[PDB]
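Here's the structure we're looking at; comments come further down.
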Amino acid sequence: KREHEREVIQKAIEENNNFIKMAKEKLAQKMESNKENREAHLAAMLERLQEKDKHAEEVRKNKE
Amino acid sequence: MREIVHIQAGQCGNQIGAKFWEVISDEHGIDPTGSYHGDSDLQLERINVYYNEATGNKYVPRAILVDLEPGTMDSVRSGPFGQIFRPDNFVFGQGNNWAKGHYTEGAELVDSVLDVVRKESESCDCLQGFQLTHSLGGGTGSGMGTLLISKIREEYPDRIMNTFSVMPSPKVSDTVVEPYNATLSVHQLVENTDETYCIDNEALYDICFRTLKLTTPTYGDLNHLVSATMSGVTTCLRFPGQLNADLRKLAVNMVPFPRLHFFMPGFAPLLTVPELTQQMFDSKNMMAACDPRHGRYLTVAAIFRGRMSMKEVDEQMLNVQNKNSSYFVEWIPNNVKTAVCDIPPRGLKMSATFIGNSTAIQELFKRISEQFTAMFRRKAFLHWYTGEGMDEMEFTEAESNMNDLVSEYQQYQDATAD
Amino acid sequence: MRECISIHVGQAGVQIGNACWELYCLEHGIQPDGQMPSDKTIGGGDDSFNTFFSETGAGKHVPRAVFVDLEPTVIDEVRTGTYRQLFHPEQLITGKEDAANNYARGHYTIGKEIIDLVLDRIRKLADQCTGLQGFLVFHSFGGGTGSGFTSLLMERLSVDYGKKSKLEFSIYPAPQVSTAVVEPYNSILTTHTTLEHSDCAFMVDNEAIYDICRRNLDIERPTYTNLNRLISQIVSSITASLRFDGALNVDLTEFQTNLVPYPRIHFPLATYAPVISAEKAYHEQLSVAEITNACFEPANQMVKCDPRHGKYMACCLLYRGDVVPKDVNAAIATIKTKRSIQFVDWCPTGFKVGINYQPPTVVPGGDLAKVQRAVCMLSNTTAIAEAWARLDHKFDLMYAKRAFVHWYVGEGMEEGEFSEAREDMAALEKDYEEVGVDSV
Ligand SMILES: Nc1nc2c(ncn2[C@@H]2O[C@H](COP(=O)(O)OP(=O)(O)OP(=O)(O)O)[C@@H](O)[C@H]2O)c(=O)[nH]1
Ligand SMILES: Nc1nc2c(ncn2[C@@H]2O[C@H](COP(=O)(O)OP(=O)(O)O)[C@@H](O)[C@H]2O)c(=O)[nH]1
Ligand SMILES: COc1ccc(N(C)c2nc(Cl)nc3sccc23)cc1
Ligand SMILES: [Ca+2]
Ligand SMILES: [Mg+2]
């Protein structure tokens with residue numbers, strides 16, 4: 001029975017720790033995934049804007 | 001403080017810009033010298049949204065004045081309140097051609113404008129974004145305004161870009177190249193603004209002639225409508241109330257899809273609370289010359305200004321939606337929202353301003369598409385644009401994107417919940 | 001010991017927090033400067049009110065509270081308001097750019113820039129506690145901060161404070177006073193993300209509170225102040241067993257044991273009585289039998305749903321004022337005969353009763369009559385799932401067209417966070433159905 005008592009309390013510690021680990025890892029992957037996505041969207045906005053600068057150089061060149 | 005930076009471009013931009021600053025300065029108790037002489041402190045709670053603070057408790061509008069033709073600011077400085085504007089925020093050149101404003105003359109001047117934009121922006125606690133007044137039918141406000149948007153957006157990709165865009169009508173101006181200039185501006189607005197108020201000269205004329213009985217309406221009479229509307233649609237940005245709004249909250253709640261961001265403003269009266277409500281949804285009170293019963297409302301924002309029973313406004317706004325339920329898309333629950341502010345505009349004891357994202361706006365764009373193709377097949381006046389280096393593909397694409405926007409507005413007019 | 005730290009998030013949570021702490025100060029005789037002349041224990045003590053207030057050496061009683069908003073406007077009114085001296089400035093935390101009604105900005109874009117500072121401020125409070133029981137989080141479902149920052153915070157609190165108790169007062173959206181068309185999206189996202197991190201959550205439907213002010217207080221068009229004063233009475237009723245002493249006093253965590261049969265089923269329905277105007281309370285005293293009866297009238301619920309067409313898994317009565325067990329037992333006995341109170345087959349039908357003798361307080365200038373006795377019922381009924389159904393429906397109408405989804409995607413979110421959140425809510429509605437089916 002003593003052996004069983006300290007396995008119960010070890011199990012409680014092990015669940016509580018695993019719950020803390022999973023939460024900590026979950027939001028670390030969530031925040032990292034969120035930064036990549038937002039940066040991909042801002043980078044795409046700039047890539048298209050920077051293309052409008054290229055097209056305006058060409059338009060001035062076609063004038064010559 | 002959540003600062004808005006105001007930019008006015010071209011002839012039309014600066015005229016309605018000044019009038020906007022005249023009306024809100026008067027509403028906030030700012031005189032032409034920047035001094036506060038007001039009654040309520042609701043006038044100064046959020047005054048920093050639009051005004052900069054200066055020594056001697058001077059309030060200076062956070063405004064940048066731009067035009068490729070000098071003289072237009074001359075009238076501004078000599079106009080009423082012309083000395084309230086910061087003099088370094090005047091930027092001027094020395095021709096009704098979109099390409100020259102966007103690609104040739106406007107490019108020469110655009111950096112000096114951005115320098116002034118930077119100076120005002122860098123002195124902000126937290127920049128909401130920008131607000132541009134311009135016409136779509138001329139050369140500076142249309143071509144250079146849209147270039148300024150592209151360059152500002154490149155440098156501030158995370159701030160809101162908002163414009164008041166004046167649409168050309170053959171009923172006000174005869175310049176034949178307006179449908180070209182307007183279509184080219186719309187091509188930029190669809191891609192690069194978050195919100196655009198369609199201030200339609202055709203609706204402004206039809207209002208002045210038919211409703212106000214002005215047989216020969218001037219730009220003065222047209223722009224009196226424009227300042228009343230601009231005062232209305234900004235009410236919840238400038239005053240404290242139950243819903244404290246900013247440009248991003250306006251965008252998020254009004255724009256269900258990125259490209260469907262062109263708003264029909266309405267104003268009333270052009271009264272009893274049920275009458276205001278009924279008139280505000282009336283096609284004759286719209287500044288966009290579109291019948292709302294020819295389309296569906298994606299979203300609506302309403303501002304009631306003046307002293308009135310807010311219980312009565314709550315019932316009437318619910319009443320109009322129930323009796324007109326078919327004209328509000330069913331797949332956006334609770335898509336009508338109403339705000340109330342106590343200060344009315346000058347001369348009115350109570351007013352209602354209306355901001356609609358309606359698929360009936362396609363009528364506005366269809367009108368210009370027709371005026372555009374009437375010329376484009378004829379290749380008429382194209383040399384004014386190809387001469388500046390433009391290629392035909394651009395004209396086709398701008399036309400083709402504007403035609404896509406109408407289909408999309410038609411796509412959601414037709415969607416259903418089940 | 002047994003301290004509780006209150007965390008007030010976004011406009012709704014901050015302003016409701018103002019109403020509650022003002023009420024708490026009135027109930028305990030704490031002045032706007034924090035002085036409490038009846039506390040003879042200067043600088044400390046293990047009194048009941050000490051679960052919610054710490055004491056400084058100079059005799060000031062300071063709320064165990066942190067206020068957080070992603071913009072300064074609302075918390076600036078606390079900093080300049082009638083109770084400014086009550087709070088140490090470090091308890092009032094504000095960013096510069098709010099969430100703009102966008103969960104993604106509250107959870108990710110703006111929220112991540114201030115979460116560490118917030119958790120440090122909470123840590124400074126936990127460290128002043130001899131035995132911390134847990135946290136009470138106040139927030140709206142609908143706002144960008146209340147939804148997005150709250151769920152980011154609840155996630156972080158689970159990491160930093162193990163399985164320490166986390167309780168919520170969550171403001172459910174109503175069209176009468178809502179501020180954004182995207183409130184259904186933010187509600188589902190935050191409900192999904194928080195469900196595993198919250199032990200017990202009291203939903204307050206703004207339409208119910210709004211109807212009660214109109215029907216029972218004759219307020220034509222209720223403001224936030226009208227709603228919050230009534231909401232703070234309900235919050236006061238729930239926390240009163242932690243803040244006051246009593247022989248007949250039953251600890252909230254003893255009610256919690258009965259209210260939560262399965263971790264996910266943790267949303268009690270609160271009903272509060274009597275809500276009556278001064279004009280109508282005059283020469284009309286409501287008995288224990290009358291106020292207990294009012295708890296089974298659906299128009300007095302903090303959430304609109306119909307318990308008569310659902311099943312009970314628990315029923316708790318929290319009384320405050322001039323009440324004795326003899327009257328309560330009499331009232332319950334007649335109610336059980338005359339009312340539709342059906343329990344699921346797997347749970348006992350008794351009613352857990354708690355009585356606190358300190359009678360209810362009213363804020364000067366309010367609309368609520370001061371009364372001799374009041375009651376808050378906390379019941380676990382399957383009917384509360386109707387509130388989830390209404391919201392999940394509103395979410396479905398917009399999400400099928402992907403309306404407004406581009407504002408969340410532009411901040412870094414993915415469509416699968418939407419679908420994942422909606423499925424969890426679907427499973428939650430299914431959970432409430434399963435617990436109400438009879439055993440085999
Ligand atoms: N009962 C009550 N509800 C409120 C109050 N203030 C806001 N709400 C509710 O909160 C919802 C919107 O969430 P808010 O808390 O206002 O937004 P927020 O927390 O400031 O987050 P942001 O969107 O970033 O500003 C609305 O639907 C309101 O019904 C209040 O003072 N009392
Ligand atoms: N409604 C309105 N439209 C205007 C006003 N001024 C110009 N427009 C329109 O703008 C178009 C010409 O643009 P314009 O102002 O000349 O551009 P700019 O000369 O480059 O600044 C015409 O089609 C007019 O209809 C005005 O004050 N009110
Ligand atoms: C779609 O539902 C909506 C529409 C608009 C808003 N907000 C942020 C507003 N913003 C501004 Cl500037 N003015 C006004 S007037 C009434 C609302 C309102 C909120 C919800
Ligand atoms: Ca003490
Ligand atoms: Mg806010």
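Each chain gets a letter, A, B and so on, in the order its sequence line appears, and its residues count up from 1. Order of appearance sets the numbers: ligands from 1, and atoms from 1 within every ligand. Computation of the quantities below employed the complete heavy-atom set of this structure, encompassing side-chain atoms and omitting hydrogens, waters and symmetry-equivalent molecules.
If you check the side chains of C:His107 and C:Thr193, you find no donor sitting under 3.5 Å from an acceptor. Side chains of B:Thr193 and B:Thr163: a donor-acceptor N/O pair is absent below 3.5 angstrom, by distance only. Counting only N and O atoms by type, the side chains of C:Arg79 and C:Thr94 include a donor and acceptor under 3.5 Å apart. Between the side chains of B:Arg305 and B:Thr235, at least one donor N or O sits under 3.5 Å from an acceptor N or O.
When the heavy atoms of B:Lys337, B:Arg248, B:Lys249 are ranked by distance to atom 8 (C) of ligand 3, first place goes to B:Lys249.
B:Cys236 CB, 3.7 Å is the protein heavy atom nearest to atom 13 (N) of ligand 3. The single protein non-hydrogen atom nearest to atom 17 (C) of ligand 3 is B:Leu243 CD2, 3.5 Å, given as residue, atom name and distance. Among all protein heavy atoms, the one lying closest to atom 1 (C) of ligand 3 is B:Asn253 O, 3.0 Å. C:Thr179 O, 3.2 Å is the protein heavy atom nearest to atom 19 (C) of ligand 3. Among protein heavy atoms, atom 15 (S) of ligand 3 sits closest to B:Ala302 O, 3.3 Å.
Applying the 4.0 Å criterion to heavy atoms of B:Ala245 picks out, from ligand 3, the atoms 10 (N), 11 (C), 12 (Cl). The contact set between ligand 3 and B:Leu250, taken as ligand atoms under 4.0 Å from a residue heavy atom, comprises 8 (C), 10 (N), 11 (C), 12 (Cl). Interface atoms of ligand 3 facing B:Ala339, defined by a heavy-atom separation under 4.0 Å, are 15 (S), 16 (C). Against a heavy-atom cut-off of under 4.0 Å, B:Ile303 is close to the following atoms of ligand 3: 15 (S). Listed by atom number, the atoms of ligand 3 under 4.0 Å from B:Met254 heavy atoms are 4 (C). Heavy-atom contacts of C:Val181 reach the following atoms of ligand 3: 1 (C) (cutoff under 4.0 Å).
Screening B:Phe262, B:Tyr412, B:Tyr409 against B:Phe257 for a ring-ring contact (aromatic ring centres under 6.0 Å, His included) leaves a single residue, B:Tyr412. Each of C:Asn102, C:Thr190, C:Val9 was scored for a side chain to side chain contact (heavy atoms under 4.5 Å, CB included) with C:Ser147, with one residue passing: C:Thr190.
Figure legend: C:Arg402 and C:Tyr399 shown as a cation-pi pair, the cationic atom lying under 6.0 angstrom from the six-membered ring centre and within 45 degrees of its axis.
Protein residues with a heavy atom closer than 4.0 Å to ligand 1 are B:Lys249, C:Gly10, C:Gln11, C:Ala12, C:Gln15, C:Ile16, C:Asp98, C:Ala99, C:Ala100, C:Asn101, C:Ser140, C:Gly142, C:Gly143, C:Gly144, C:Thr145, C:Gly146, C:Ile171, C:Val177, C:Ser178, C:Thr179, C:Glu183, C:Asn206, C:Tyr224, C:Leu227, C:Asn228, C:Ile231, listed by chain and number.
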Show, in sequence, the C-alpha distance, side-chain angles and deciding distance for C:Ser198 and C:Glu168, and conclude whether the side chain to side chain donor-acceptor pair (under 3.5 Å) test is met.
CA-CA 7 Å; C:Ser198 171; C:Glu168 268 176 290; 2.9 Å; yes
Determine, stepwise, if the pair B:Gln131 / B:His6 fulfils side chain to side chain donor-acceptor pair (under 3.5 Å).
CA-CA 5 Å; B:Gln131 150 187 322; B:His6 172 89; 3.1 Å; yes
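Nearby protein atoms of type N, O or S around the Ca ion (ligand 4) amount to 6 (distance under 3.0 Å).
In this pair, B:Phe164 and B:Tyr197 present their aromatic rings parallel. The plane angle is below 30°, not in the 30 to 60° band. Aromatic ring pairs are classed by plane angle as parallel below 30°, tilted from 30° to 60° and perpendicular above 60°; the pair C:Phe202 and C:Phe169 is parallel. Ring geometry for C:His28 versus C:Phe244: interplanar angle under 30°, hence parallel rather than tilted (30 to 60°).
A search for ring-ring contact (aromatic ring centres under 6.0 Å, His included) contacts involving B:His28 returns B:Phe239, not counting sequence neighbours. Every residue two or more places apart in sequence or in another chain that forms a side chain to side chain contact (heavy atoms under 4.5 Å, CB included) with C:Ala270 is listed here: C:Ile234, C:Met302, C:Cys376, C:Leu378.
Not a single donor-acceptor pair under 3.5 Å links the side chain of C:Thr194 to the backbone N or O of C:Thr191.
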